[PDB]
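Read the structure below first, then the notes.
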Amino acid sequence: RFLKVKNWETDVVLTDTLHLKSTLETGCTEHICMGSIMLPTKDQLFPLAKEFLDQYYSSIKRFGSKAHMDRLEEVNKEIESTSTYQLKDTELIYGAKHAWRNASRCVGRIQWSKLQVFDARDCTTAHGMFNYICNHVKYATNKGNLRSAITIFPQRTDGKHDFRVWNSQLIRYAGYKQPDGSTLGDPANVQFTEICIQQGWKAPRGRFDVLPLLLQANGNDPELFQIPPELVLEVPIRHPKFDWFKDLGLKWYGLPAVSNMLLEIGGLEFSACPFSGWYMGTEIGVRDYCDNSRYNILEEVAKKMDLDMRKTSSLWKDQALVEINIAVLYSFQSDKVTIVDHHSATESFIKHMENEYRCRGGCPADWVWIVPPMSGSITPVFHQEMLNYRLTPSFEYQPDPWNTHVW
Amino acid sequence: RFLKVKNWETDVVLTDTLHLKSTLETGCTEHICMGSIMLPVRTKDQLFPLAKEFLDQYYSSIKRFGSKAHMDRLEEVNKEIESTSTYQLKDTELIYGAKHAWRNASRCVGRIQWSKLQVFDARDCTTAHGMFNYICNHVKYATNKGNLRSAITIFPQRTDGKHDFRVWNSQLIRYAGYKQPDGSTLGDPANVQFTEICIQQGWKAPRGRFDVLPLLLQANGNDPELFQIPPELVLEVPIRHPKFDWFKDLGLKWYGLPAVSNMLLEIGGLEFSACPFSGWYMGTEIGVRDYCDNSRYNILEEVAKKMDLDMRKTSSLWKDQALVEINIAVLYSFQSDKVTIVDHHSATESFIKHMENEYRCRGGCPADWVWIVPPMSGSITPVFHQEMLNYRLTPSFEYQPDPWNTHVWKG
Ligand code: HEM
Ligand code: HEM
Ligand SMILES: C[C@H](O)[C@H](O)[C@H]1CNc2nc(N)[nH]c(=O)c2N1
Ligand SMILES: C[C@H](O)[C@H](O)[C@H]1CNc2nc(N)[nH]c(=O)c2N1
Ligand SMILES: NC(=[NH2+])NCCC[C@H](N)C(=O)O
Ligand SMILES: NC(=[NH2+])NCCC[C@H](N)C(=O)O
Ligand SMILES: [Zn+2]
């Protein structure tokens, strides 16, 4: 029942009781661990709403109060009457912040309580969605001084009137398959980039074409929109020593804004809930830039450094990797754009974890996602045992809309 | 039931059915994953079924399942168990067992080599001096003047739990660690407790930063005895850098033979509490963990200073830059001295090929992602992008409590 996690670098042992409140499954069993797998009714709703409201009133020190009982009956009546219910603004804010607090794969949760919540539940059309999104982008970007935020559109009703942001992130680059058989731009977005074309977008066919927003409101067909270029902050990447680095012509955007996940609060499902914070260096420098399936730029950079790429044991890939990440961080910092390196971010997560254990009795964490993609063991989280479990409110994965939409 | 795993870099999807032959638990449940947790005398009753399962596996491997030889062996073992409460493995079954324990080790990235293991049968051993002799022979054989050969030495199995054979060292070759009164540590911090035990047992410590520890050996449940491994049998490599001439002046070196000696080997229900095994190093084990862990030699700063990196702020990634150079030095040194070693790129690439082969010929390959992915440059190695399934198959290597915590001293 009571589990303990130890840090093998400090010997610090923490006891976890919070997992005892876990509701959803993990995918693992007593016979098999799937820890490395990426994607492992009124009668149903009231229980979920009750669980949520109970934690909410408990958080505001009014558990078992008349107000608690009142709201709890009001929702029951509303569900029985409308087969669903609406959250109070206070509950919505609490729920979104806690979905982040509960995100086991997020290393920056020390920032969880500082989240700007934009209530877009009054939205009805795709143009309205575009407007809300532009405002979120402008607010969150804040001229480089990034501020975490989330915009919440109308909750699911009958599943045939769902709001959805077809993009995977508010801001991403297009990808096109060239005759050469090679891919131009970001291979990760090749399919989405084609759907935009299939819709009318005039692809400039560059290495970094900021994709258009494909917005779906109330279940209708998605519409394109070009985010005001003036609102998309980008950072040209240059190295603080290698003047030839700028010649690679690489750049990245400052705002990471996941837009394809589903926010679940008190049983309610918000299928369109774009959220953003700020980047951890490795996300761009290691994954976006060096993944073989992404921009895959290691070799190019290696050649420019004149490294011995004849043998893997020369560790040329590793040397180049470091340089590419020093640059990314240097570029963002030079342009005054918020960004955090993997050492600072992991150190903060450890602190957060400790705070969470002594104040909440635990902190669900997915080691596989928390440990940075480079220099793993020189960051504190590598040596930190973690318990992964699912707590709600939560951010969940959901099927891409183009594989479920009925035009 | 079929379970699929996908490699997100190649989209290759594999199907696992081997997990169905898994018996042991993992530590996880449908409500909680313990995938990052380091460490989540039998009776006749539970022993014959374990023997049968193993013998069935053995006879199937040699294409003699159901044969008279198979049936007679099962009968022979059954009689032996009811007669003596235990049983002895035939040499062939011991070899098959040891190789499969390696084949089944989910945390081992070098398993492509599993079928190539020299098994030394030391079940006739009765004393600590006998254990020392066997261990010297293992080290000399395995070292092979730098051309490392994988090997395992298997001492007598557990009987009543009061006559266990144990190698108290965690590895046959390791450096001593000494806690100074000022709170600092001389040598390898990971071995301070064991070093103190050795000193107490009579070892005269030279108190240097790289002193090869003596062997502390326990035979037949008796108190352990100290032995010094012949220096001429301990191969070491001075660490230097191909471009930085000052690197050698850090006074660093390491031993060439990694020989884990504190695990338990379970074969057909039998427990071999003393079963030292060795292969060869993957660079990062030394360059990343042994040298750069804050709790080990912790050399990142001293190296970073010499390279004169901007140690003012972490965003300069000086720790990362130094880490790479140290690992370059480790590989370069071993290669230059002609001592077998594999870099993490080569090792993980081979593991992926091995894993795919296992899925196709065996129906699976249990693997612990947390341990398989190297401690540096994780995502630039293929294993990072490979989904894995972790489950426990026997024969297997298991952890066991340190002997000093359970041993009943006879004095
Ligand atoms: C303040 C800055 C923040 C930092 C530095 C941070 C950092 C990270 C990192 C490095 C990852 C892994 C990304 C990947 O590998 O694809 C991650 C994942 C995630 N973060 Fe955070 N995060 C921040 C803000 C946010 C915000 C504002 C939310 C929600 C309101 C959030 C929710 C999540 C979730 C749900 C995931 C997993 C997404 C997935 O499964 O693909 N994060 N975060
Ligand atoms: C031939 C070269 C070999 C290589 C390159 C290799 C590499 C590795 C590495 C990198 C680890 C992780 C070590 C750590 O993080 O402490 C490991 C673990 C392991 N290997 Fe291998 N290995 C090899 C041979 C062997 C042999 C001969 C056996 C057994 C017959 C074996 C059994 C295991 C086991 C059981 C573990 C886990 C140990 C633990 O839990 O502490 N390995 N191996
Ligand atoms: C197969 C494996 O689960 C996959 O490559 C995971 C590993 N860890 C990760 N960690 C983070 N932060 N992000 C990812 O996309 C991944 N991918
Ligand atoms: C807490 C966490 O499980 C621990 O630090 C693990 C992570 N991965 C590892 N991987 C290897 N190969 N060796 C280790 O000792 C560890 N330690
Ligand atoms: N820090 C964040 N909020 N990240 C969200 C995911 C961004 C993704 N890892 C990327 O590199 O584009
Ligand atoms: N390749 C091996 N057989 N390794 C065994 C473990 C060695 C241990 N990681 C060390 O650095 O000493
Ligand atoms: Zn698990």
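Cβ sites come from the backbone with ideal geometry, for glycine too, and all protein chains shown count toward neighbours. What is reported rests on the model, the rules as stated and the sources as named; none is laboratory data.
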Fill in: Residue in segment B:191-198 that is farther than 30 Å from B:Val77 by Cα, in a strand (DSSP E or B) and not β-branched (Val, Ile, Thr) present
no
Worksheet entry | Count of segment B:153-193 residues which are out of contact with any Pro (no Cβ under 9 Å at 6 or more places or on another chain) and closer than 19 Å to B:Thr84 by Cβ | 7
Worksheet item: In segment A:318-327, is there at least one residue being on the phi > 0 side of the Ramachandran plot and either buried (at least 23 other Cβ atoms within 10 Å of the Cβ) or more than 9 Å from every other protein chain (Cβ to nearest Cβ) (or both)?
Response: no
Fill in: Any hit, segment A:95-117, residues being under 28 Å from B:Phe384 (Cα atoms), in contact with a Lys or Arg (Cβ under 7 Å, 6 or more places away or on another chain) and among the basic types (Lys, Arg)
yes
Worksheet item: Looking only at residues in segment A:271-300 that are outside any loop (DSSP other than H, G, I, E, B), away from ligand 3 (no atom under 13 Å from the Cβ) and more than 12 Å from chain B (Cβ to nearest Cβ), which one is nearest to A:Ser348 (Cα to Cα)?
Response: A:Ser276
Worksheet item: In segment B:329-337, is there at least one residue being at the interface with chain A (Cβ under 10 Å from one of its Cβ atoms), more than 19 Å from B:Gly378 (Cα to Cα) and under 23 Å from the mean Cα position of the chain (by Cα)?
Response: yes
Discussion item. Out of A:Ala174, A:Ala188, I need the residue that is within 16 Å of ligand 1 (Cβ to nearest atom) and closer than 26 Å to A:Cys290 by Cβ. Which one?
Written reply: A:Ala188
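Quick grid of which residues meet (1) touching a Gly at 6+ places or on another chain (Cβ under 6 Å); (2) away from ligand 2 (no atom under 14 Å from the Cβ):
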site	(1), (2)
B:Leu331	yes, no
B:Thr348	no, no
B:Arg362	no, yes
B:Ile372	no, no
B:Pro375	yes, no
B:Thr381	no, no
B:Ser396	no, no
B:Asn405	no, yes
Practice prompt. May I ask you to say which residue of B:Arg73, B:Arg103, B:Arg149, B:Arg123 is away from ligand 4 (no atom under 16 Å from the Cβ) and under 17 Å from B:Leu233 (Cβ atoms)?
Written response: B:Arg149
Practice prompt. Taking the residues in segment A:223-241 that are in contact with a helix residue (DSSP H, G or I) (Cβ under 7 Å, 6 or more places away or on another chain) and part of a loop (DSSP other than H, G, I, E, B) as candidates, determine which candidate is nearest to A:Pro274 (Cα to Cα).
Written response: A:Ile227
Practice prompt. Kindly indicate the residue of segment B:243-270 that is in a strand (DSSP E or B) and away from ligand 6 (no atom under 16 Å from the Cβ) and also farthest from the other protein chains (Cβ to nearest Cβ) among those meeting that condition.
Written response: B:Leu270
Discussion item. Residue pairs, Cβ under 6 Å, 6 or more apart or interchain, first in segment A:352-371 and away from chain B (no Cβ under 11 Å) and more than 13 Å from A:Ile110 (Cα to Cα), second away from ligand 3 (no atom under 12 Å from the Cβ) and assigned to a helix (DSSP H, G or I). List them.
Written reply: A:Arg360/A:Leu18; A:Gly361/A:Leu18
Worksheet, complete the sentence: Exactly one of A:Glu264, A:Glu283 is within 12 Å of ligand 1 (Cβ to nearest atom), closer than 30 Å to A:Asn76 by Cα and in contact with a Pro (Cβ under 8 Å, 6 or more places away or on another chain), and that residue is A:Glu264
Discussion item. Going through B:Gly202, B:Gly269 one at a time, which residue ends up being more than 20 Å from the chain's Cα centre (by Cα) and in the same structural domain as B:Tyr87 (by CATH)?
Written reply: B:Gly269
Fill in: Which numbered condition A:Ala49 misses (of (1) of a type in the set (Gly, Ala, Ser); (2) over 25 Å from A:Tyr357 (Cα atoms); (3) within 16 Å of ligand 4 (Cβ to nearest atom))
(3)
Item to complete: Filter segment B:106-118 for residues that are within 9 Å of ligand 2 (Cβ to nearest atom), touching a helix residue (DSSP H, G or I) at 6+ places or on another chain (Cβ under 7 Å) and farther than 18 Å from B:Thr348 by Cβ and give the result.
Response: B:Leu117
Worksheet entry | Qualifying positions in segment A:338-351 - at the interface with chain B (Cβ under 8 Å from one of its Cβ atoms) and of a type in the set (D, E, K, R) | A:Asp341
Discussion item. Being more than 16 Å from ligand 7 (Cβ to nearest atom), surrounded by fewer than 20 Cβ atoms within 10 Å (Cβ to Cβ) and farther than 30 Å from B:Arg312 by Cα is the requirement here; does A:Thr392 meet it?
Written reply: no
Discussion item. Given (1) outside the structural domain of A:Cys28 (by CATH); (2) in contact with a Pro (Cβ under 7 Å, 6 or more places away or on another chain), identify the lone condition not met by A:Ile350.
Written reply: (1)
Item to complete: Output the residues belonging to segment A:7-64 that are of a type in the set (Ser, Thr, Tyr), within 11 Å of another protein chain (Cβ to nearest Cβ) and more than 30 Å from A:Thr84 (Cβ to Cβ).
Response: A:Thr10, A:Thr29, A:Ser36
Worksheet item: Out of A:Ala49, A:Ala67, A:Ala99, A:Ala103, which single residue is more than 25 Å from the chain's Cα centre (by Cα) and either polar (S, T, N, Q) or more than 16 Å from ligand 2 (Cβ to nearest atom) (or both)?
Response: A:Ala67
Worksheet item: Can you list the helices (runs of 4 or more DSSP H) found entirely within segment A:307-407 that contain at least 2 residues being more than 16 Å from ligand 6 (Cβ to nearest atom) and within 18 Å of A:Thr10 (Cα to Cα)?
Response: A:342-360
Discussion item. Residue under question is B:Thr406, and the condition is that it be among the hydroxyl-bearing types (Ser, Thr, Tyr) and under 25 Å from B:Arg149 (Cα atoms); does it hold?
Written reply: no
Item to complete: Kindly establish whether A:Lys304 is within 11 Å of chain B (Cβ to nearest Cβ), of a type in the set (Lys, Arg) and over 26 Å from the mean Cα position of the chain (by Cα).
Response: no
Response to the item:
For segment B:374-385, pairs from a residue that is within 20 Å of B:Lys319 (Cα to Cα) and more than 7 Å from chain A (Cβ to nearest Cβ) to a residue that is away from ligand 7 (no atom under 16 Å from the Cβ) and aromatic (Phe, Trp, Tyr), with Cβ under 9 Å and 6 or more apart or across chains, are B:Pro374/B:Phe384
Worksheet item: Which one of A:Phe63, A:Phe52 is part of a helix (DSSP H, G or I) and aromatic (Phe, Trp, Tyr)?
Response: A:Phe52
